[PDB]
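Okay, structure first, notes after.
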Amino acid sequence: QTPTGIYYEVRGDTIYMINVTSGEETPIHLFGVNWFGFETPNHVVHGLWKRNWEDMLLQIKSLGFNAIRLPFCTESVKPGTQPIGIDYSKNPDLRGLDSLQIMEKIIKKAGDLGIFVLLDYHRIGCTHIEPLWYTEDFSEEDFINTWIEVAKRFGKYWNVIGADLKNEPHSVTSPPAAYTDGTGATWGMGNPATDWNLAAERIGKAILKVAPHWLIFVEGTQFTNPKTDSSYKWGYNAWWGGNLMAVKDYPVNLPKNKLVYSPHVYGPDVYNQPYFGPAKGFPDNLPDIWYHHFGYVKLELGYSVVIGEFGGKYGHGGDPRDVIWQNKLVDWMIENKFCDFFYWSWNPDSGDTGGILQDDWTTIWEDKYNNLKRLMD
């Protein structure tokens with residue numbers, strides 16, 4: 001039931017932490033940020049050439065966040081992988097540690113601060129996000145076995161809440177080809193080798209056997225099947241990991257008390273969507289679009305929906321509509337009680353969105369942050 005004393009579960013659309021000895025249950029809310037880098041060639045969260053790792057976590061907590069989504073790639077979790085680009089005058093207690101041991105130390109430190117950790121298997125290699133949870137050289141079985149290994153080790157950390165099974169299932173060709181060509185993820189197509197809804201069941205079953213106290217976060221794909229995508233005018237314009245329109249007719253076959261749907265949603269800095277045009281109704285058209293792409297999964301179907309990435313430059317060397325976009329998304333999350341989320345990103349070094357920190361790795365964007373803080377209170 002649990003190697004830590006704590007068991008996480010969803011009841012309706014809310015996540016709970018259960019102390020299994022005392023029987024006590026407390027609803028939790030994830031006020032979260034992404035701190036990325038373990039899924040990259042650095043093999044460590046970024047910024048440690050400019051900051052001490054613990055000070056960063058203190059800074060994160062001081063801003064009211066209580067959760068971190070931690071991307072990793074396969075190699076970062078294998079013992080013996082070396083990190084690159086750490087300033088060790090600033091991080092002397094990292095001297096000698098490989099990527100995995102830095103990950104343990106960070107999660108343990110986060111735990112000491114009450115901060116929840118969502119582990120996110122973000123890339124299989126360490127360069128880019130594959131459309132599928134396998135590659136020519138890395139099979140599904142390999143992918144699953146890595147999760148089992150990660151689950152065995154990190155399931156012993158009280159604050160690790162579970163597994164975001166694969167970052168951004170998506171496509172690399174257009175429809176209608178993308179539905180059948182084998183190169184990109186689908187949902188509801190029928191083929192269990194491309195259908196992310198089916199694979200999520202296989203992979204989450206395997207993790208729940210070794211970490212039964214975890215949550216399984218399942219993201220959207222980009223396209224699902226042609227009937228579902230055609231049923232909505234903006235069906236073909238959801239984000240990577242952002243299309244959950246198929247959940248209704250093709251729900252992932254896992255225990256409802258262990259499952260969280262986790263869409264990503266982005267503004268004009270990531271892609272100049274046609275629906276960001278004022279001529280097409282922006283920003284007042286947005287609630288309906290979010291509602292169709294993912295928000296009905298909570299508001300109509302009653303599942304927990306935790307937005308696993310959203311963000312943008314908020315008018316700092318980006319498209320100024322992003323300010324309007326982020327305000328309207330925060331308003332809508334607040335109106336509809338989407339109170340669980342992970343902002344992308346803590347890091348400034350995200351080329352199309354920037355982050356909460358500015359390029360100095362030290363100072364925050366006060367305005368971007370103040371707008372988000374409304375979710376936190």
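By order in the structure tokens, chains are A, B, ...; within a chain, residues start at 1; ligands start at 1, following the order shown.
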Enumerate, in order of chain and increasing residue number, the residues of segment 57-134 of chain A with an atom no farther than 10 Å from segment 308-327 of chain A, each with its shortest atom pair and distance in Å to one decimal, counting only C-alpha atoms, as JSON lines.
```
{"residue": "A:69", "atom": "CA", "partner": "A:308", "partner_atom": "CA", "distance": 7.8}
{"residue": "A:118", "atom": "CA", "partner": "A:308", "partner_atom": "CA", "distance": 9.5}
{"residue": "A:120", "atom": "CA", "partner": "A:308", "partner_atom": "CA", "distance": 9.6}
```
Name the residues of segment 135-303 of chain A that come out as helix (DSSP H, G or I) in a backbone DSSP run; write them as a PyMOL selection string.
chain A and resi 140-154+177-180+196-210+226-230+256-258+274-276+278-280+286-299
Saved selection, atoms kept: C-alpha atoms, as a PDB file, in the first residue's frame:
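part_3.pdb written:
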```pdb
ATOM      1  CA  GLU A 140       8.448   0.481 -24.902  1.00  0.00           C
ATOM      2  CA  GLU A 141       9.678  -2.287 -22.751  1.00  0.00           C
ATOM      3  CA  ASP A 142      12.857  -0.274 -22.120  1.00  0.00           C
ATOM      4  CA  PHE A 143      10.748   2.779 -21.347  1.00  0.00           C
ATOM      5  CA  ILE A 144       8.663   0.867 -18.857  1.00  0.00           C
ATOM      6  CA  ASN A 145      11.688  -0.706 -17.265  1.00  0.00           C
ATOM      7  CA  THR A 146      13.257   2.678 -16.654  1.00  0.00           C
ATOM      8  CA  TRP A 147      10.026   3.847 -14.960  1.00  0.00           C
ATOM      9  CA  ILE A 148      10.028   0.762 -12.770  1.00  0.00           C
ATOM     10  CA  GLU A 149      13.604   1.604 -11.701  1.00  0.00           C
ATOM     11  CA  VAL A 150      12.714   5.241 -11.033  1.00  0.00           C
ATOM     12  CA  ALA A 151       9.570   4.191  -9.138  1.00  0.00           C
ATOM     13  CA  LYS A 152      11.568   1.671  -6.984  1.00  0.00           C
ATOM     14  CA  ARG A 153      14.154   4.303  -5.937  1.00  0.00           C
ATOM     15  CA  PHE A 154      12.044   7.474  -5.638  1.00  0.00           C
ATOM     16  CA  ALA A 177      -1.441  11.120 -42.316  1.00  0.00           C
ATOM     17  CA  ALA A 178      -0.339  11.589 -38.683  1.00  0.00           C
ATOM     18  CA  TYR A 179      -3.185   9.244 -37.547  1.00  0.00           C
ATOM     19  CA  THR A 180      -1.852   6.241 -39.412  1.00  0.00           C
ATOM     20  CA  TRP A 196      -1.348   6.995 -26.071  1.00  0.00           C
ATOM     21  CA  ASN A 197      -4.496   6.154 -24.101  1.00  0.00           C
ATOM     22  CA  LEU A 198      -3.652   2.448 -24.357  1.00  0.00           C
ATOM     23  CA  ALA A 199       0.029   2.831 -23.684  1.00  0.00           C
ATOM     24  CA  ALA A 200      -0.625   5.076 -20.618  1.00  0.00           C
ATOM     25  CA  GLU A 201      -2.597   2.094 -19.202  1.00  0.00           C
ATOM     26  CA  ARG A 202       0.334  -0.312 -19.845  1.00  0.00           C
ATOM     27  CA  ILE A 203       2.963   1.984 -18.407  1.00  0.00           C
ATOM     28  CA  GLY A 204       0.827   3.142 -15.384  1.00  0.00           C
ATOM     29  CA  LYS A 205      -0.101  -0.441 -14.513  1.00  0.00           C
ATOM     30  CA  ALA A 206       3.562  -1.268 -14.313  1.00  0.00           C
ATOM     31  CA  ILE A 207       4.412   1.700 -12.116  1.00  0.00           C
ATOM     32  CA  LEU A 208       1.408   1.143  -9.800  1.00  0.00           C
ATOM     33  CA  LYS A 209       2.693  -2.442  -9.097  1.00  0.00           C
ATOM     34  CA  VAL A 210       5.952  -1.098  -7.613  1.00  0.00           C
ATOM     35  CA  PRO A 226     -10.069  12.080 -37.010  1.00  0.00           C
ATOM     36  CA  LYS A 227     -13.591  11.855 -35.732  1.00  0.00           C
ATOM     37  CA  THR A 228     -12.753  13.459 -32.390  1.00  0.00           C
ATOM     38  CA  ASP A 229     -10.451  16.209 -33.853  1.00  0.00           C
ATOM     39  CA  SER A 230     -12.965  17.090 -36.571  1.00  0.00           C
ATOM     40  CA  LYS A 256      -9.992   6.728 -11.173  1.00  0.00           C
ATOM     41  CA  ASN A 257      -8.532   7.195  -7.656  1.00  0.00           C
ATOM     42  CA  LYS A 258      -4.977   7.040  -9.039  1.00  0.00           C
ATOM     43  CA  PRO A 274      -5.081  31.691 -35.352  1.00  0.00           C
ATOM     44  CA  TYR A 275      -7.380  31.927 -32.361  1.00  0.00           C
ATOM     45  CA  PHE A 276      -5.037  34.394 -30.764  1.00  0.00           C
ATOM     46  CA  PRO A 278      -8.524  39.545 -32.244  1.00  0.00           C
ATOM     47  CA  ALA A 279     -10.406  39.104 -35.546  1.00  0.00           C
ATOM     48  CA  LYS A 280     -11.144  35.566 -34.395  1.00  0.00           C
ATOM     49  CA  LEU A 286     -10.346  31.344 -24.984  1.00  0.00           C
ATOM     50  CA  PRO A 287     -12.471  29.873 -22.165  1.00  0.00           C
ATOM     51  CA  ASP A 288     -14.405  27.854 -24.707  1.00  0.00           C
ATOM     52  CA  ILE A 289     -11.298  26.604 -26.371  1.00  0.00           C
ATOM     53  CA  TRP A 290      -9.625  25.528 -23.121  1.00  0.00           C
ATOM     54  CA  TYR A 291     -12.958  23.959 -22.134  1.00  0.00           C
ATOM     55  CA  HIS A 292     -13.094  21.842 -25.295  1.00  0.00           C
ATOM     56  CA  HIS A 293      -9.468  20.878 -25.387  1.00  0.00           C
ATOM     57  CA  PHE A 294      -9.167  19.832 -21.667  1.00  0.00           C
ATOM     58  CA  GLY A 295     -11.214  21.745 -19.180  1.00  0.00           C
ATOM     59  CA  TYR A 296     -14.454  19.630 -19.669  1.00  0.00           C
ATOM     60  CA  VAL A 297     -12.413  16.615 -18.324  1.00  0.00           C
ATOM     61  CA  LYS A 298     -12.745  18.231 -14.896  1.00  0.00           C
ATOM     62  CA  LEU A 299     -15.851  20.390 -15.251  1.00  0.00           C
TER      63      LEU A 299
END
```
Env of segment 19-32 of chain A: 12 Å cut, atoms = only C-alpha atoms, seq-sep filter 5 positions within chain, self excluded. Answer as number ranges by chain.
A: 1-14, 60-61, 63-70, 114-118, 158-159, 161, 213, 304-311, 337-346, 356, 372-377
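In this model, the gap between atom CA of residue 106 of chain A and atom CA of residue 55 of chain A comes to 11.1 Å.
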Compile the contact shell of residue 79 of chain A as a JSON list (two decimals) with C-alpha atoms, in the first residue's frame: residues with an atom at most 8 Å away, counting only C-alpha atoms, same-chain residues fewer than 4 positions apart removed.
```json
[["chain", "number", "residue", "atom", "x", "y", "z"],
["A", 98, "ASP", "CA", 26.55, 12.06, -10.26],
["A", 99, "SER", "CA", 23.22, 13.19, -11.81],
["A", 100, "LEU", "CA", 21.12, 10.77, -9.84]]
```
One decimal, Å: what's the distance from atom CA of residue 134 of chain A over to atom CA of residue 173 of chain A, could you say?
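Taking atom CA of residue 134 of chain A and atom CA of residue 173 of chain A, their separation equals 16.9 Å.
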Using only C-alpha atoms, what table do you get, as JSON lines, when you list each residue of segment 199-283 of chain A with an atom no more than 12 Å from segment 124-130 of chain A, its nearest pair of atoms, and their distance in Å rounded to one decimal, rows by chain then rising number?
```
{"residue": "A:221", "atom": "CA", "partner": "A:130", "partner_atom": "CA", "distance": 11.9}
{"residue": "A:240", "atom": "CA", "partner": "A:129", "partner_atom": "CA", "distance": 10.2}
{"residue": "A:241", "atom": "CA", "partner": "A:129", "partner_atom": "CA", "distance": 11.0}
```
